[PDB]
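This document starts with one chain, in the form deposited in one PDB entry, laid out as structure tokens.
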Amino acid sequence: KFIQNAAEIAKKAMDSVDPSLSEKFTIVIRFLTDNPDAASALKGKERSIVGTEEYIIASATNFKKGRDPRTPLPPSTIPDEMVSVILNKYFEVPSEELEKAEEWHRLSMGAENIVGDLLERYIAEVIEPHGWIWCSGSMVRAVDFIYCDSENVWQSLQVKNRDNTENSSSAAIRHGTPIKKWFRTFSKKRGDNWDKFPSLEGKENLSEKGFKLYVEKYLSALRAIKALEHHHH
């Protein structure tokens, strides 16, 4: 459970980190004070116990960190040479393109491991104007977005990229409606699931085209950023 002056801790913590996030973050802390089973230990920073002042202050940096752009990263795992032997000797992938196949495999795994994060970013850009809050970083378990609605009731939303997405999670809601759960894509079949995205202000904006346009924009911007890194060295 949370300390006696949780909100005032949150405010000043995020004022040092990023003043534009302070209001939103303060509300996240209030949400976790009312709903403590959604509170999670911070990944990489587990030294601070869930609910203490030290956790609130560490959560502020974490919450902001979560919103910095991620670069699509192929894993640093050196590939198995026997994978290439199988591509060449069974699947008849030409021997001179084996190195290429190896790299695109790694890029494809890098693409896969950031799509979940970009989905949250897309959704956040659309629904944060209307008062919803993307719970960025790892301080919140199970819930990806929160909203204190016009009736002062906590709404909460979980998104997955796929229906068979690995990290399933649930947390108990002491005060609020049940967590709305939604997945973008099907593992069983082609197509998307935006039609059944839970009702909330701004919902009509959200779609697969919208998400595709967000991703083109985010990667274009990011490419341009890394171009400026080489000019600044």
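Just so we're on the same page, rigid core means the largest C-alpha set that superposes within 1.5 Å between forms. Residue positions are given as counts along the sequence shown, with the first one as 1.
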Worksheet, complete the sentence: Stretch with higher mean Cα temperature factor, 110-118 vs 69-77, is 69-77
Worksheet item: For the C-alpha atoms alone, is the average B factor greater in 198-206 or in 24-32, going by the entry?
Response: 198-206
Practice prompt. Going by the CA temperature factor in the entry, name the top one among 144, 125, 149, 163.
Written response: 163
Worksheet entry | Within-chain third of residue 217 by Cα B-factor, per the entry | lowest
Practice prompt. Ordered by C-alpha B-factor within the chain, which third holds residue 92? Give me lowest, middle or highest, please.
Written response: highest
Practice prompt. For residue 167, return the chain-relative third of its C-alpha B-factor as stated in the PDB record: lowest, middle or highest.
Written response: highest
Discussion item. Splitting the chain's C-alpha B-factors into thirds, which one does residue 62 fall into?
Written reply: lowest
Worksheet item: Looking at the C-alpha B-factor of residue 191, is it in the lowest, middle or highest third of its chain?
Response: highest
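Beyond the structure shown, there is the form deposited in another entry, which is absent from this document and is the topic of what follows.
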Discussion item. Given a cut-off of 2 Å on Cα movement between the shown form and the other one, rigid core as reference, pick the single residue from 159, 87, 118, 127 that exceeds or meets it.
Written reply: 87
Worksheet item: After fitting the rigid core, is the C-alpha of residue 65 off by 2 Å or more between the shown form and the other one?
Response: no
Worksheet item: Do you see a C-alpha shift of 2 Å or more at residue 221 between the shown form and the other one, with the core held fixed?
Response: yes
Worksheet entry | residue 46 C-alpha moves between the shown form and the other one by 2 Å or more, core aligned | yes
Response to the item:
Per the comparison in the other form, the residue 68 and residue 45 C-alpha atoms (change 3 Å or more) are positioned farther
Response to the item:
in the other form the CA atoms of residue 54 and residue 170, compared with here and shifted by at least 3 Å, lie farther
